[PDB]
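A.B. asks: There's a structure below that I have some questions on.
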Amino acid sequence: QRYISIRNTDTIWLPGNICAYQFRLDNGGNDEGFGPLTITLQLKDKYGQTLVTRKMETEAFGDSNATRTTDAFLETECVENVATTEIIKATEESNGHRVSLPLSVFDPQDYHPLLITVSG
Amino acid sequence: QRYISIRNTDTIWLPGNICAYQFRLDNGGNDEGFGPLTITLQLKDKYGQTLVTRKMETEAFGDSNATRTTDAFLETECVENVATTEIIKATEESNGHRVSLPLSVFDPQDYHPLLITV
Ligand SMILES: [Cl-]
Ligand code: NA
């Protein structure tokens, strides 16, 4: 139906040994938007073993052009060698109502990208 | 000055063992665009050692609201152990001249992201 590209854009080290993984969600400029989302992710090590399962909440976005993206944060104890995350469930707050969101909507970054630096 | 965010968005395996590294460039929504760019990249292993040095060319962009971003591809013999790339030079085709582009303009993705599956 609708489109959400999703990728991890940063990792923030917080007090209390918490790591906050920042995800940017983007509707690609299709300005058919989304209500508040609830996303459940399995955090996995490099071997593919499940570490923890956590939920992530997003604001409503995408019904306009300068609201095409929104940022969400996933919190867990930073003591985990997290390498990948798998979206296993998603919920949309629309109409003040609980509605299930099809996982096919997501366009995840399922590839290790080249890191880019700039010379001095 | 001007702004270009840049990140690697996919790797495409081609016949003849060629790899196409896809880059997304974004001028952040400014009304000042860029002529065709020629970008020189050091492809490096994970240890930071330079493997090969290659050039990447882009279309002109940032000059209309539907060209705020552009996608470029770097084709090379799909070279084993590339982990990172470093921008060491950039040249802009502007007004009949090849002009040097200050590297400070670039806002690179200098971060290893979590992989996401569904
Ligand atoms: Cl044209
Ligand atoms: Na440690």
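Just so you know, the sequences run in chain order A and B. Heads up: the first sequence runs through residues 28 to 147, numbered per the UniProt record's numbering. Heads up: the second sequence runs through residues 28 to 145, numbered per the UniProt record's numbering. By construction, the Cβ of each residue, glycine as well, lies at the ideal position given by its N, Cα and C atoms.
1. Quick one: does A99/B have its CB under 8 angstroms from some CB of chain A?
2. Name the DSSP beta bridge partners of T111/B, please?
3. When the cut-off is 8 angstroms and only beta carbons count, does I45/A lie next to chain B?
4. So for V126/A, helix, strand or coil by DSSP?
5. Could you check the C-alpha separation between residue 1/A and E107/B for me, to the nearest Å?
6. Taking contact to mean 3 or more Cβ pairs, one atom from each stretch, closer than 8 angstroms, check whether the stretch 66–73 of chain B and the stretch 81–93 of chain B are in contact.
7. Cβ atoms of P129/A and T144/B: under 8 angstroms apart, would you say?
8. What is the DSSP secondary structure of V132/B, counted as helix, strand or coil?
9. Whose C-beta lies closer than 8 angstroms to the C-beta of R34/B among residues of the same chain, with five residues either side of it excluded?
10. So, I39/B versus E104/B, is the Cβ gap smaller than 8 angstroms?
11. For the beta strand (DSSP E) containing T36/A, list its first residue and its last residue.
12. Is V79/A helix, strand or coil by DSSP?
13. I need the boundaries of the beta strand (DSSP E) containing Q28/A, first residue and last residue.
14. Can you pull the chain A residues whose beta carbon is under 8 angstroms from the beta carbon of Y30/B, in chain order?
15. Would you list, in chain order, the members of the stretch 121–138 of chain B that have their beta-carbon closer than 7 angstroms to a beta-carbon of chain A?
16. Look at the alpha carbon of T77/A and the alpha carbon of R29/A, and state the distance between them as a whole number of angstroms.
17. List the residues of chain A that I115/B touches, going by C-beta distances under 9 angstroms, in chain order.
18. Ordered along the chain, which non-local residues of its own chain (more than five positions away) have a Cβ less than 8 angstroms from that of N92/A?
19. Output yes or no for whether 8 angstroms exceeds the beta carbon distance between residue 146/B and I114/B.
20. Can you name the residues of chain B whose CB is closer than 9 angstroms to the CB of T96/A?
21. Which first and last residues belong to the beta strand (DSSP E) in which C105/A is found?
C.D. replies: A quick look at the data gives this:
1. By 1-based counting over the second sequence, the position of residue 99/B is 72. Chain A, which has no Cβ nearer than 8 angstroms to the Cβ of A99/B, makes this no.
2. Taking the first residue of the second sequence as position 1, residue 111/B is located at position 84. DSSP output for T111/B lists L142/A and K71/B as bridge partner(s).
3. Sequence index remark: in the first sequence, residue 45/A carries index 18 (1-based). So, not an interface residue.
4. In the first sequence, residue 126/A corresponds to position 99, counting from 1. In the three-state reduction of the DSSP assignment, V126/A falls in the strand class, which pools E and B.
5. What the structure shows of chain A is the stretch from 28 to 147, and residue 1/A is not part of that stretch, so it cannot be assessed.
6. yes
7. The sequence position of residue 144/B within the second sequence is 117, counting from 1. The sequence position of residue 129/A within the first sequence is 102, counting from 1. Taking 8 angstroms as the Cβ cut-off, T144/B and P129/A do not qualify as a contacting pair.
8. Here residue 132/B refers to the residue found at position 105 when the second sequence is read from its first residue. Three-state result, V132/B: helix.
9. As a position in the second sequence, residue 34/B is number 7, starting the count at 1. The answer, listed in chain order, is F50, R51, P135 and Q136.
10. As a first step, residue 39/B is located in the second sequence; it is residue number 12 there, counting from the start. As a first step, residue 104/B is located in the second sequence; it is residue number 77 there, counting from the start. Taking 8 angstroms as the Cβ cut-off, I39/B and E104/B do not qualify as a contacting pair.
11. Along the first sequence, read from residue 1 onward, the residue named residue 36/A stands at position 9. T36/A -> beta strand (DSSP E) spans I31 to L41.
12. Along the first sequence, one-based indexing puts residue 79/A at 52. It is a strand residue.
13. What you label residue 28/A is simply residue 1 of the first sequence in a count that begins at 1. Element bounds for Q28/A: n/a, residue is neither H nor E.
14. Residue numbering aside, residue 30/B sits at position 3 when the second sequence is read from its first letter. Per Cβ cutoff of 8 angstroms: no residues; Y30/B is ~13 angstroms from chain A at best.
15. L130, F133, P135, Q136, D137 and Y138
16. As a position in the first sequence, residue 77/A is number 50, starting the count at 1. As a position in the first sequence, residue 29/A is number 2, starting the count at 1. When rounded, the distance between both Cα atoms is 29 angstroms.
17. Here residue 115/B refers to the residue found at position 88 when the second sequence is read from its first residue. By Cβ distance, chain A contributes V145 and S146.
18. Here residue 92/A is taken as the residue at index 65 of the first sequence, counted from 1. Around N92/A: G56 and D58.
19. This structure leaves residue 146/B out entirely; chain B is present only between 28 and 145.
20. Here residue 96/A refers to the residue found at position 69 when the first sequence is read from its first residue. Here the premise fails: no neighbours, minimum Cβ distance about 12 angstroms.
21. Within the first sequence, residue 105/A is the residue found at index 78, counting from 1. Counting along the chain, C105/A falls outside any beta strand (DSSP E), and DSSP gives it neither H nor E.
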